[PDB]
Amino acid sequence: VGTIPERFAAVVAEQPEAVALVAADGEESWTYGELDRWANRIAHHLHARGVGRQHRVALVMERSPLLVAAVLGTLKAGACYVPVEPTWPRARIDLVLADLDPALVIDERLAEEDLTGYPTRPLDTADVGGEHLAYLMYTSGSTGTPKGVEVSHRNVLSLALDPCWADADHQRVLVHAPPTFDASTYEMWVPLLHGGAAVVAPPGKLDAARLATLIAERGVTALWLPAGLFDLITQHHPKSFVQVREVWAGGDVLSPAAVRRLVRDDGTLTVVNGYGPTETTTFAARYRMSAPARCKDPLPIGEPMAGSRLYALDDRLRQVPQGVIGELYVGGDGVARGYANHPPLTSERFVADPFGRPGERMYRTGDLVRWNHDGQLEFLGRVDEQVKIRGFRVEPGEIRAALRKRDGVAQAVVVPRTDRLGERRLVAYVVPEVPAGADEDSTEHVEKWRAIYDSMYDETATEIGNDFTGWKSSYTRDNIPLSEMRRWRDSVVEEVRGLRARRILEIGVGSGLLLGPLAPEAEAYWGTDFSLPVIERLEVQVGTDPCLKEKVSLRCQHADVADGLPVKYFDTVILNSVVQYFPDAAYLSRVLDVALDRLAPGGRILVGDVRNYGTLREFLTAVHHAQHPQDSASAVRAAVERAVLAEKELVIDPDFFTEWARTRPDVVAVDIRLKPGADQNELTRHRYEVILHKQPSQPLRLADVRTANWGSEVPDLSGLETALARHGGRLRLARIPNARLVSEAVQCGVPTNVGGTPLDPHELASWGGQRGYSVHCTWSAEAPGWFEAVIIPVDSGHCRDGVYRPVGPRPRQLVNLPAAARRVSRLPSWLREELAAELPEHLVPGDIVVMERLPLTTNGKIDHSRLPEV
């Protein structure tokens, strides 16, 4: 005989009056005879509805006595039973049923069906053999969709007719594992094929305390228990295992301390460490703990089962010698037929066996193993990214795929983390999708800024351009001194006067800080601003003084909108400390194109007070460590990652302006430089000026000046005099550590990183001024901490190009996305809800952390150590 019904028929022949099946209550119980007749009635009912040989029957049922009857009835009809968890989401249930496309779908309504009409004799049918399918069970798939393992009758009989089961230990077995999980194959067939009793535990999730009750009260002799759930029950309820003879514990690595609680020198209770994947039918290896001396700190998975054959193989498919690590391959009669509807994946994983019978195949587990000194097989982790969470086999790629196909998400990585309690769980790091040309929230982001500025400006009297409302330091939360704010303003005015401005347009005029000093000696001064309260204040202010009444114009409109502004009239457009309030890169690009149309030939756009994206992370680590000095290095990186994504102001890398200028042929010069002065604040440290000149300006080409590194080529300022002499005045000094950021770090308490011997950009300019040079300082594309300085013989020619030089292809992220900051905060909540409606609960990760970019290693692959903790 070579089928499950044939072997089950042999049991009922001997013991028709013995108890086969027991309910969760304990009140009801069925004999082998009663169970056989009940199963036959189901087999006739299935035949009436069209179920024949080699058909698939989906059992969408809870764990019950009726389910045990149904699987027997399915097998008696020559069919293949496929358990489906009814507590799964409908998305997953419909996915499995679609992939399976079964002959019939039974559910809870089978209980309501009247089976008394059908006969209680055998159905006979066409003759079934060993290689016909008994069941299908679905494991987690790396691609995204789940993969059903096709298991045969002789595969089940290989497991079920191991000589180890030929005794009274499995007289009363607890059936509590889910039907979808293959431990259920052990729980059902071991007692049912040896004259034992299947004690069916009640439906749903059963905690350690609830199992401990049932084990004791039902008089359970044998058990399956997952390694995690074994550890809890054996800690809190060791008194439950008094009448238990055998406990098979596995799934994950088994705790040695957990076993020592149960096992004693008398050896009435034996614990078995059961190893095996689904593809080799439940158990492939076993290690018996009879006495406590056998419990080692390594906890070996042991020796093979009767039907199994274990091969520890190297990268060239040769058998590994003793005490050497190899990958485990499982041969023998337990090896499954393959994956349902995936022939290439089957040919990949179910491979040809060089050690077994000619035709036979060998399953590739992907588990690392080693034969120890004693000759027992040890488990030494895992090759690939597969991991087990609360007993369930999880492939992270299944999670990644479900996340990746949602709207606001580009990439994803999913990893396990061990919590403070000890239990393993998942965390998914995801990066949001960045669409070009703004979103629906872009206009809403501008309106929030307008509403903020209207409320500030409306109500809340003085002179024109001499008021600085009050700017606070991000480090201390105190006010920035007005002497520093005056110098900040005067540097911008000095630069406009230096360019010899006549017809000016200031976009985002404000209270008139630049309008006050510049408009009196200007031919024309136009000013746009989207807040109507300021325009109406300024229109009253300029109305009093008749000197600048005819000159000045004040329009209330957005920076994006060009409507009504003079075309090719102005010689300079000012965007001073306004760009930061724009929603995205496309908006900034559009306003610059608008500003370019305003300029007559020869003019320039002056973009002032631009937040540097290259040093945003070093700014935010400084602010955070200043406010929270007790926090650890991991807690800082976690907090900074949130701060970057939560930033409501627009922050631009200098490469944006060079990229912007290449498409525009009219733009002949791009002058990017650091802020001037010796003031120590966030404005001077992290902001910069950009000047963009139109076609007939004729600039100084400083892009192709001969360079020299600070660390390597020219050690000190004495060497600079020598280097400037050899190169003949024209030299640009690179890789200079920025002393402004070093001062920021020591004051805020940040460790930082750079080379030795930093220079202050202002001191370098003063140093150059003494020696007859003008030093033009700018950012380094090579590093945030570094900065470049172009040294030229002194002159008043305010028209330069290529002061900032890009290095390598780096358009990875030029600007941040403040308009999407609110959607980023909603993603962790929203994605949990989305995956909970699609996937099983164990596949839904505990926490979802958002990041602007995944930390990469130098070679290219993902850097797991940099990923922030929860």
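One-based numbering along the sequence shown.
- Gap between residue 634 and residue 635: none; every deposited residue in this span has coordinates.
- In this entry, 419-427 has the higher mean Cα B-factor, the comparison being between 419-427 and 519-527.
- Between the stretches 397-405 and 120-128, it is 120-128 that shows the larger average CA temperature factor.
- Considering 133, 456, 690, 622 together, the PDB entry gives 456 the largest C-alpha B factor.
- Within the selection 308, 541, 155, 612, the deposited Cα B-factor values reach their highest point at 541.
- Among the modelled residues of its chain, residue 161 has a C-alpha B-factor that falls in the lowest third according to the deposited record.
- Ranked by Cα temperature factor within the chain, residue 546 sits in the highest third according to the deposited record.
- Among the modelled residues of the chain, residue 341 sits in the middle third by CA temperature factor in this PDB entry.
- Per the deposited record, the Cα B-factor of residue 252 falls in the lowest third when ranked against the other modelled residues of its chain.
- Among all modelled residues in this chain, the alpha-carbon of residue 26 has a temperature factor (C-alpha) in the highest third.
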